[PDB]
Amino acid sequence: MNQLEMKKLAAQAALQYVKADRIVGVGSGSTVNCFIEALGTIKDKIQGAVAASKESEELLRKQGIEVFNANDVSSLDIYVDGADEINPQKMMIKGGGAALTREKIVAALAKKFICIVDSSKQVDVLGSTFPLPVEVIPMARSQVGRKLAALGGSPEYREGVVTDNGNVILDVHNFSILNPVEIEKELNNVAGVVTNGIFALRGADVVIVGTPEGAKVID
């Protein structure tokens, strides 16, 4: 079984958490795109969706699903999204797809965070297999890079990339993250950092993993 098949398995299993006639919180990225197709498969069952990227929005509308603005809801029952790494404590590293800012915002509206992932995303130590994405105000790029290096990392600017919010992304190499909640908060106080890729203060509530033996739910 290949990686795409596993993503499809997790996405299909996520449908079990979708409540009739309600608005679904949707993330961004390749695994979520599998979820957007799955959603189109049961669309009349839902009221619509709130999505974490303009790409996800366009795809959802292409499926005939109405897209609502986050500002139109006081909360969401669930938020379904993938991750670049996820540890046994359900803490994640996100941002490979450069949508981490709106992903953190939509996740904050949802009661239940359902992370859908292929088996390869499960790691014991966050940051060991994937560089930490950090979204940065453009004029703050150099000084945030200096802070990240002082913290022990090797920041690298993602060439030519701009987020839906108009910011740049610095990916931090050589930065194993032994204490995720602590680093998340610390980076949150750095001027110029819009969002950092550690989702630890509010991690996943449910983890759906696509494996060769089928989707496995950790709830």
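Throughout, we count residues from 1 along the sequence that is shown.
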property	result
Comparing 124-132 with 143-151, the one whose average Cα B-factor in the PDB entry is higher	124-132
Selected stretch [higher average CA B-factor]: 71-79 or 98-106	71-79
Largest Cα B-factor, entry values, listed residues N33, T163, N179, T41	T41
Record-listed C-alpha B factor of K62: chain third	highest
CA B-factor placement of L201, once the chain's modelled residues are sorted into thirds	highest
Relative C-alpha B-factor of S53, binned into the chain's lowest, middle or highest third	middle
Within-chain third of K185 by Cα B-factor, per the entry	lowest
Relative C-alpha B-factor of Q47, binned into the chain's lowest, middle or highest third	middle
